[PDB]
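The file final_11.tsv comes next; it holds TSV, C-alpha atoms.
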chain	number	residue	atom	x	y	z
A	1	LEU	CA	46.97	-10.11	-8.34
A	2	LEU	CA	47.28	-13.87	-9.17
A	3	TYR	CA	47.29	-13.62	-13.06
A	4	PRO	CA	46.51	-17.42	-13.20
A	5	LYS	CA	43.17	-16.72	-11.47
A	6	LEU	CA	42.36	-13.87	-13.93
A	7	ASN	CA	43.29	-16.15	-16.87
A	8	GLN	CA	41.10	-18.95	-15.44
A	9	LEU	CA	38.23	-16.45	-15.12
A	10	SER	CA	38.73	-15.65	-18.85
A	11	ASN	CA	38.83	-19.37	-19.77
A	12	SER	CA	35.76	-20.15	-17.60
A	13	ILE	CA	33.76	-17.22	-19.00
A	14	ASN	CA	34.67	-18.16	-22.57
A	15	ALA	CA	33.70	-21.81	-22.11
A	16	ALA	CA	30.33	-20.70	-20.68
A	17	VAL	CA	29.70	-18.24	-23.49
A	18	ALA	CA	30.47	-20.99	-26.06
A	19	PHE	CA	28.04	-23.36	-24.21
A	20	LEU	CA	25.33	-20.70	-24.20
A	21	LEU	CA	25.70	-19.73	-27.89
A	22	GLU	CA	25.68	-23.43	-28.96
A	23	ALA	CA	22.60	-24.09	-26.75
A	24	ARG	CA	20.25	-21.85	-28.86
A	25	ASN	CA	17.56	-23.68	-30.87
A	26	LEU	CA	16.96	-23.66	-34.70
A	27	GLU	CA	15.46	-20.11	-34.81
A	28	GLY	CA	18.02	-18.90	-32.21
A	29	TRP	CA	16.04	-18.81	-28.92
A	30	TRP	CA	17.41	-19.74	-25.53
A	31	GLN	CA	14.93	-22.17	-23.98
A	32	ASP	CA	14.63	-23.40	-20.40
A	33	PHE	CA	12.13	-24.65	-17.80
A	34	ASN	CA	9.28	-27.02	-18.60
A	35	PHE	CA	5.66	-27.48	-17.54
A	36	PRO	CA	5.11	-30.88	-19.20
A	37	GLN	CA	1.75	-31.57	-20.89
A	38	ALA	CA	0.79	-28.00	-19.88
A	39	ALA	CA	2.63	-24.75	-20.58
A	40	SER	CA	5.72	-26.37	-22.24
A	41	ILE	CA	9.17	-24.73	-22.39
A	42	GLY	CA	10.16	-21.11	-21.71
A	43	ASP	CA	11.63	-19.04	-24.54
A	44	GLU	CA	10.74	-15.28	-24.58
A	45	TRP	CA	11.48	-14.96	-20.83
A	46	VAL	CA	14.60	-17.18	-20.86
A	47	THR	CA	16.00	-15.34	-23.94
A	48	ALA	CA	15.33	-11.87	-22.45
A	49	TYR	CA	17.05	-12.98	-19.19
A	50	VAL	CA	20.04	-14.70	-20.82
A	51	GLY	CA	20.53	-11.82	-23.26
A	52	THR	CA	20.52	-9.33	-20.37
A	53	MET	CA	23.03	-11.54	-18.46
A	54	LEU	CA	25.37	-11.59	-21.49
A	55	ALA	CA	25.10	-7.81	-22.11
A	56	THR	CA	28.14	-7.34	-19.73
A	57	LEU	CA	30.44	-9.05	-22.24
A	58	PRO	CA	32.58	-6.88	-24.57
A	59	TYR	CA	32.56	-9.35	-27.46
A	60	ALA	CA	31.21	-8.43	-30.87
A	61	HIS	CA	29.81	-11.92	-31.50
A	62	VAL	CA	27.90	-11.79	-28.20
A	63	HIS	CA	26.50	-8.35	-29.13
A	64	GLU	CA	25.36	-9.93	-32.44
A	65	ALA	CA	23.64	-12.73	-30.49
A	66	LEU	CA	21.85	-10.09	-28.40
A	67	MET	CA	20.76	-8.18	-31.53
A	68	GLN	CA	19.35	-11.48	-32.90
A	69	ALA	CA	17.56	-12.18	-29.58
A	70	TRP	CA	15.90	-8.74	-29.77
A	71	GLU	CA	14.84	-9.41	-33.37
A	72	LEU	CA	13.25	-12.71	-32.16
A	73	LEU	CA	11.44	-10.81	-29.39
A	74	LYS	CA	10.11	-8.21	-31.87
A	75	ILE	CA	8.57	-10.99	-33.99
A	76	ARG	CA	6.60	-12.10	-30.82
A	77	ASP	CA	4.07	-9.29	-31.44
A	78	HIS	CA	0.89	-11.36	-31.07
A	79	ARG	CA	-0.33	-9.93	-27.73
A	80	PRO	CA	-2.47	-6.78	-27.84
A	81	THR	CA	-0.67	-5.24	-24.80
A	82	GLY	CA	2.79	-5.52	-26.41
A	83	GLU	CA	3.94	-7.66	-23.48
A	84	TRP	CA	6.18	-10.69	-23.60
A	85	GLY	CA	5.50	-13.88	-21.58
A	86	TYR	CA	7.01	-17.21	-20.57
A	87	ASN	CA	6.57	-18.49	-24.14
A	88	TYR	CA	4.23	-17.94	-27.14
A	89	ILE	CA	1.16	-19.63	-25.63
A	90	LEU	CA	1.31	-17.77	-22.28
A	91	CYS	CA	-0.25	-14.38	-21.62
A	92	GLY	CA	2.03	-11.43	-21.09
A	93	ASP	CA	3.64	-10.84	-17.73
A	94	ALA	CA	5.54	-7.98	-16.12
A	95	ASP	CA	8.68	-9.97	-15.29
A	96	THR	CA	9.34	-11.23	-18.79
A	97	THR	CA	8.52	-7.76	-20.16
A	98	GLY	CA	11.01	-6.10	-17.80
A	99	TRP	CA	13.84	-8.43	-18.80
A	100	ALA	CA	13.03	-7.89	-22.50
A	101	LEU	CA	13.30	-4.12	-21.84
A	102	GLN	CA	16.72	-4.58	-20.16
A	103	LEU	CA	17.80	-6.46	-23.31
A	104	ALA	CA	16.33	-3.69	-25.51
A	105	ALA	CA	18.53	-1.15	-23.66
A	106	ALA	CA	21.68	-3.24	-24.35
A	107	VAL	CA	20.97	-3.21	-28.10
A	108	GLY	CA	19.99	0.50	-28.33
A	109	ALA	CA	16.27	-0.21	-28.69
A	110	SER	CA	14.92	1.38	-25.46
A	111	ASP	CA	13.35	4.15	-27.62
A	112	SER	CA	11.82	1.70	-30.16
A	113	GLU	CA	8.04	1.68	-30.84
A	114	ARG	CA	7.78	-1.84	-29.35
A	115	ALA	CA	9.78	-0.97	-26.21
A	116	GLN	CA	7.54	2.11	-25.66
A	117	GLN	CA	4.42	-0.08	-25.97
A	118	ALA	CA	5.83	-2.74	-23.61
A	119	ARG	CA	6.87	-0.11	-21.01
A	120	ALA	CA	3.34	1.33	-21.14
A	121	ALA	CA	1.95	-2.17	-20.57
A	122	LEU	CA	4.21	-2.56	-17.49
A	123	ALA	CA	2.53	0.49	-15.97
A	124	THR	CA	-0.77	-1.48	-15.97
A	125	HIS	CA	0.78	-3.94	-13.44
A	126	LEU	CA	1.60	-1.27	-10.83
A	127	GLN	CA	-0.37	-1.90	-7.60
A	128	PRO	CA	-1.85	0.46	-4.96
A	129	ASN	CA	0.94	-0.67	-2.46
A	130	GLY	CA	3.60	0.68	-4.85
A	131	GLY	CA	4.97	-2.64	-6.28
A	132	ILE	CA	4.39	-4.47	-9.54
A	133	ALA	CA	2.28	-7.60	-10.07
A	134	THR	CA	3.40	-10.39	-12.45
A	135	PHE	CA	-0.01	-11.08	-14.02
A	136	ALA	CA	-3.36	-9.40	-14.65
A	137	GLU	CA	-6.04	-11.69	-13.24
A	138	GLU	CA	-8.26	-12.09	-16.34
A	139	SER	CA	-5.15	-12.77	-18.54
A	140	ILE	CA	-3.81	-15.68	-16.44
A	141	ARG	CA	-7.34	-17.02	-15.74
A	142	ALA	CA	-8.06	-17.04	-19.57
A	143	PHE	CA	-4.84	-19.08	-20.07
A	144	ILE	CA	-5.66	-21.56	-17.14
A	145	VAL	CA	-10.34	-19.98	-6.27
A	146	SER	CA	-8.47	-16.61	-5.52
A	147	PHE	CA	-5.74	-15.50	-7.96
A	148	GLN	CA	-4.66	-12.71	-5.53
A	149	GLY	CA	-1.33	-14.54	-4.95
A	150	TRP	CA	-0.33	-14.62	-8.62
A	151	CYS	CA	-1.85	-11.11	-9.27
A	152	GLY	CA	-0.45	-9.23	-6.25
A	153	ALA	CA	2.67	-7.13	-6.01
A	154	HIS	CA	5.79	-9.36	-6.16
A	155	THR	CA	9.11	-8.23	-4.68
A	156	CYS	CA	11.24	-10.32	-7.08
A	157	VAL	CA	9.45	-8.80	-10.14
A	158	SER	CA	9.48	-5.29	-8.60
A	159	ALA	CA	13.26	-5.56	-7.99
A	160	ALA	CA	13.91	-6.62	-11.60
A	161	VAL	CA	11.58	-3.93	-13.11
A	162	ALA	CA	13.38	-1.33	-10.94
A	163	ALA	CA	16.52	-2.10	-13.07
A	164	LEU	CA	14.68	0.08	-15.67
A	165	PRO	CA	15.44	3.76	-14.95
A	166	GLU	CA	11.86	4.68	-16.03
A	167	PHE	CA	10.40	2.60	-13.10
A	168	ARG	CA	13.17	2.83	-10.47
A	169	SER	CA	11.79	5.96	-8.66
A	170	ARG	CA	8.14	4.75	-8.77
A	171	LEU	CA	9.10	1.34	-7.15
A	172	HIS	CA	11.59	2.82	-4.59
A	173	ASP	CA	9.31	3.14	-1.52
A	174	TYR	CA	7.86	-0.39	-2.01
A	175	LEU	CA	11.39	-1.80	-2.24
A	176	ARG	CA	12.47	0.07	0.91
A	177	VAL	CA	9.46	-1.02	3.07
A	178	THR	CA	9.79	-4.71	2.05
A	179	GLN	CA	13.36	-5.20	3.34
A	180	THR	CA	13.37	-7.68	6.25
A	181	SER	CA	14.88	-7.00	9.66
A	182	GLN	CA	17.87	-9.24	8.64
A	183	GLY	CA	18.70	-7.00	5.61
A	184	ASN	CA	17.47	-9.27	2.82
A	185	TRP	CA	14.38	-9.33	0.63
A	186	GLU	CA	12.21	-12.33	-0.12
A	187	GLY	CA	10.81	-13.09	-3.57
A	188	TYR	CA	7.55	-14.63	-4.75
A	189	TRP	CA	8.53	-17.05	-7.57
A	190	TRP	CA	12.04	-17.96	-6.37
A	191	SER	CA	13.29	-20.12	-3.54
A	192	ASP	CA	16.64	-18.30	-3.32
A	193	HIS	CA	16.35	-14.87	-1.60
A	194	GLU	CA	19.79	-13.87	-3.05
A	195	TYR	CA	18.05	-13.18	-6.39
A	196	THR	CA	15.59	-10.60	-5.00
A	197	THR	CA	18.11	-9.20	-2.50
A	198	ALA	CA	20.85	-8.58	-5.14
A	199	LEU	CA	18.39	-7.06	-7.65
A	200	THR	CA	16.80	-4.79	-5.02
A	201	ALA	CA	20.14	-3.59	-3.62
A	202	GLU	CA	21.38	-2.97	-7.20
A	203	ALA	CA	18.26	-0.81	-7.99
A	204	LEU	CA	18.80	1.20	-4.79
A	205	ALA	CA	22.50	1.62	-5.65
A	206	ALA	CA	21.70	2.74	-9.23
A	207	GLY	CA	19.29	5.44	-7.93
A	208	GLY	CA	22.23	7.13	-6.11
A	209	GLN	CA	20.20	8.37	-3.09
A	210	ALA	CA	22.35	8.49	0.08
A	211	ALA	CA	19.22	7.69	2.13
A	212	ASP	CA	19.35	4.16	0.59
A	213	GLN	CA	23.02	3.40	1.40
A	214	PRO	CA	22.37	1.98	4.93
A	215	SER	CA	19.85	-0.47	3.42
A	216	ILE	CA	22.35	-1.50	0.74
A	217	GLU	CA	25.07	-2.05	3.36
A	218	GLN	CA	22.69	-4.17	5.50
A	219	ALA	CA	21.95	-6.31	2.43
A	220	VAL	CA	25.70	-6.71	1.75
A	221	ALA	CA	26.23	-7.73	5.43
A	222	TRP	CA	23.43	-10.33	5.00
A	223	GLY	CA	25.20	-11.61	1.82
A	224	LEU	CA	28.49	-11.89	3.69
A	225	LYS	CA	26.67	-14.10	6.34
A	226	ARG	CA	25.08	-16.22	3.56
A	227	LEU	CA	28.43	-17.03	1.95
A	228	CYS	CA	30.27	-19.62	3.97
A	229	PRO	CA	34.06	-19.63	4.16
A	230	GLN	CA	34.32	-22.36	1.45
A	231	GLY	CA	32.88	-19.85	-1.07
A	232	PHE	CA	29.25	-20.86	-1.51
A	233	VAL	CA	25.70	-20.18	-0.36
A	234	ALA	CA	24.35	-23.32	1.31
A	235	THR	CA	20.66	-24.19	0.86
A	236	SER	CA	18.40	-26.96	2.19
A	237	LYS	CA	18.43	-28.50	-1.30
A	238	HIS	CA	22.18	-27.92	-1.89
A	239	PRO	CA	23.82	-27.98	1.53
A	240	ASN	CA	27.30	-27.97	-0.16
A	241	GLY	CA	26.36	-24.93	-2.32
A	242	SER	CA	23.85	-23.64	-4.88
A	243	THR	CA	25.47	-22.29	-8.08
A	244	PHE	CA	22.48	-19.96	-8.70
A	245	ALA	CA	22.24	-18.57	-5.17
A	246	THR	CA	26.07	-18.18	-5.00
A	247	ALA	CA	26.18	-16.21	-8.31
A	248	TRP	CA	23.45	-13.86	-7.09
A	249	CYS	CA	25.22	-13.46	-3.73
A	250	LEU	CA	28.45	-12.60	-5.63
A	251	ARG	CA	26.56	-9.84	-7.50
A	252	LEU	CA	25.20	-8.51	-4.16
A	253	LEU	CA	28.74	-8.43	-2.68
A	254	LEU	CA	29.95	-6.17	-5.59
A	255	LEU	CA	27.94	-3.33	-3.99
A	256	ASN	CA	30.69	-2.75	-1.39
A	257	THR	CA	34.17	-2.23	-2.84
A	258	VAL	CA	36.02	-1.04	0.29
A	259	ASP	CA	35.44	-3.76	2.98
A	260	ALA	CA	38.33	-6.32	3.06
A	261	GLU	CA	36.04	-9.10	4.41
A	262	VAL	CA	33.61	-8.56	1.50
A	263	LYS	CA	36.53	-8.60	-0.99
A	264	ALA	CA	37.81	-11.91	0.47
A	265	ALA	CA	34.26	-13.41	0.33
A	266	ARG	CA	34.00	-12.51	-3.35
A	267	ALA	CA	37.39	-14.12	-4.04
A	268	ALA	CA	36.18	-17.32	-2.28
A	269	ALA	CA	32.91	-17.36	-4.29
A	270	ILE	CA	34.84	-16.87	-7.56
A	271	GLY	CA	37.15	-19.78	-6.67
A	272	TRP	CA	34.27	-22.11	-5.80
A	273	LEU	CA	32.32	-21.22	-8.96
A	274	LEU	CA	35.48	-21.82	-11.07
A	275	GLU	CA	35.88	-25.29	-9.45
A	276	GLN	CA	32.17	-26.18	-9.99
A	277	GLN	CA	32.11	-25.51	-13.75
A	278	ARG	CA	31.37	-28.62	-15.85
A	279	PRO	CA	33.65	-29.67	-18.76
A	280	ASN	CA	31.10	-28.39	-21.36
A	281	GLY	CA	31.29	-24.86	-19.81
A	282	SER	CA	27.90	-25.05	-17.99
A	283	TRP	CA	27.16	-25.06	-14.29
A	284	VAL	CA	24.75	-27.56	-12.55
A	285	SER	CA	21.09	-26.38	-12.77
A	286	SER	CA	19.93	-24.72	-9.56
A	287	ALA	CA	17.50	-22.00	-10.72
A	288	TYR	CA	14.56	-23.13	-8.57
A	289	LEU	CA	11.25	-21.61	-9.70
A	290	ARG	CA	8.30	-22.24	-7.42
A	291	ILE	CA	4.66	-22.40	-8.38
A	292	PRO	CA	2.61	-21.20	-5.39
A	293	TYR	CA	-1.10	-21.87	-5.31
A	294	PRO	CA	-2.85	-18.98	-7.11
A	295	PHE	CA	-4.39	-17.69	-3.85
A	296	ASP	CA	-1.12	-17.74	-1.90
A	297	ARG	CA	0.22	-14.19	-1.16
A	298	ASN	CA	2.91	-15.62	1.16
A	299	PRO	CA	4.97	-18.45	-0.51
A	300	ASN	CA	7.88	-17.89	1.93
A	301	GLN	CA	5.38	-19.12	4.61
A	302	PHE	CA	4.44	-22.29	2.59
A	303	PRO	CA	6.29	-25.21	4.18
A	304	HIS	CA	5.06	-27.84	1.72
A	305	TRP	CA	7.29	-27.33	-1.34
A	306	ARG	CA	8.22	-30.44	-3.27
A	307	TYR	CA	10.47	-30.75	-6.35
A	308	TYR	CA	8.09	-31.55	-9.29
A	309	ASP	CA	10.54	-33.99	-10.91
A	310	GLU	CA	10.81	-36.00	-7.62
A	311	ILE	CA	7.02	-36.46	-6.99
A	312	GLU	CA	5.97	-40.12	-7.44
A	313	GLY	CA	2.76	-40.87	-9.40
A	314	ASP	CA	-0.02	-38.21	-9.26
A	315	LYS	CA	1.18	-34.58	-9.29
A	316	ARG	CA	0.33	-30.94	-9.96
A	317	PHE	CA	2.45	-27.87	-10.38
A	318	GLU	CA	0.87	-25.92	-7.49
A	319	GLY	CA	3.08	-26.28	-4.42
A	320	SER	CA	5.99	-27.60	-6.50
A	321	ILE	CA	9.37	-26.39	-7.65
A	322	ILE	CA	10.79	-26.71	-11.16
A	323	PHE	CA	14.29	-26.00	-12.43
A	324	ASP	CA	16.19	-25.04	-15.56
A	325	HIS	CA	16.66	-28.51	-17.08
A	326	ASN	CA	19.00	-27.15	-19.87
A	327	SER	CA	21.26	-25.35	-17.30
A	328	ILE	CA	21.04	-22.26	-19.57
A	329	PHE	CA	19.37	-20.00	-16.95
A	330	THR	CA	21.93	-21.00	-14.25
A	331	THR	CA	24.94	-20.80	-16.56
A	332	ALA	CA	24.00	-17.32	-17.81
A	333	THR	CA	23.61	-16.15	-14.21
A	334	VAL	CA	26.99	-17.53	-13.16
A	335	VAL	CA	28.91	-16.15	-16.16
A	336	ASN	CA	27.37	-12.67	-15.57
A	337	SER	CA	28.45	-12.67	-11.90
A	338	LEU	CA	32.03	-13.74	-12.85
A	339	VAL	CA	32.31	-11.00	-15.54
A	340	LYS	CA	31.12	-8.35	-13.05
A	341	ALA	CA	33.35	-9.62	-10.20
A	342	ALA	CA	36.62	-10.17	-12.07
A	343	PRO	CA	37.78	-6.50	-12.05
A	344	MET	CA	37.29	-6.34	-8.24
A	345	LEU	CA	39.74	-9.26	-7.72
Hey, can you dump this file as structure tokens for me?
Amino acid sequence: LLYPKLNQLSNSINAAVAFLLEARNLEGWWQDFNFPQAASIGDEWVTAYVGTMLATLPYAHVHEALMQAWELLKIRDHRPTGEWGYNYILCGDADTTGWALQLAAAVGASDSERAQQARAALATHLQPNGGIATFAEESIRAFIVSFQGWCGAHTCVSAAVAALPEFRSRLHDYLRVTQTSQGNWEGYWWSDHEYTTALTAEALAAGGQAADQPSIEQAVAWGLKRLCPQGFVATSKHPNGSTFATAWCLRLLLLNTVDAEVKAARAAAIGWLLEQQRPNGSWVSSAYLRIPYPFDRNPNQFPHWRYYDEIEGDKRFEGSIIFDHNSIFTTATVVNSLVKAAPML
């Protein structure tokens, strides 16, 4: 063991945690993403996600931050379903609600009245094909042509909701049948398949069924292919490495602890993420969120994506990609992956 590398992991993690705690707003929310002159800035979703990411840390002051985040979420009690959403003005959605429930578990509130109500509301989003849909049609229409894209089963949201032990068995078959022939999964709202693939493989691993182990191993083999020798996942947008996709690939690669090639790939990914950290403790934003047209069931077959902030003159969100302009969503993802990977150095 190279103690300098463990010490740098500590230093890197601590600098990121300080960045994230300082980055909260007046009331204490983590905010990220922006739909300018429309839906504004995310808060409930971003806070649920970031709080869940930081739940791996064994620091009392981080646990206090998570307790405060849950108290903020409980005050967002304005929706009749008990759901959370992107921010106050959005309708509830299953993804945000699932992350808020993961956070509730970390702070001992899984059995709370609100968590029970929110879990019940998640059940409303279960589809006939065995997955979970992000939105109920009339909800997202009331906030805003077919909405069957936005209101269909989503593999990214199903993978994340399957982190909840109450839903893991009900979503299992849908998660198994959606694996591609290459071993990965593809998401709906995200460009980077590492997100859906890591979350799905982690849900299968947590269910403990031996029947699922071949699928997990195929996903790990896909992750090993995705990570180049220099320690990153290359994308079209970031051909010299995506911090977001690399952090999710690192989490995927923790699902095999015996293979020497997998171990070496993790070590390479850790080194590259350590080198990429900015002086303020953050990593470069790379959490690319896509807005398919409402009718589009198949965004991985939409070749037209443009980056919203790069479009000149007239623009719309449909068919565009946004990112986490504060770097909070990316940084939380990276620091979580480094905390989870460090003991398997």
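In this comparison, which uses all atoms listed in the file, the residue of A:100, A:254, A:267, A:260 approaching residue 232 (chain A) most closely is A:267.
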Give me the residues near region 282-296 of chain A as a count of residues only, where near means some atom within 7 Å (using all atoms listed in the file) and where sequence neighbours in that chain fewer than 4 positions away do not count. 30
Nearest candidate to residue 85 (chain A) (options A:42, A:4, A:58, A:130; using all atoms listed in the file):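 Checking each of A:42, A:4, A:58, A:130 against residue 85 (chain A), counting all atoms listed in the file, the winner is A:42.
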Could you tell me how far CA of residue 207 (chain A) lies from CA of residue 172 (chain A), in Å and to one decimal?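 So the answer is 8.8 Å.
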Distance in Å - CA of residue 34 (chain A) versus CA of residue 163 (chain A):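 If I compute the distance from CA of residue 34 (chain A) to CA of residue 163 (chain A), I get 26.5 Å.
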Min atom-atom distance to residue 170 (chain A) from the set A:75, A:12, A:132, A:157, counting all atoms listed in the file, belongs to A:132
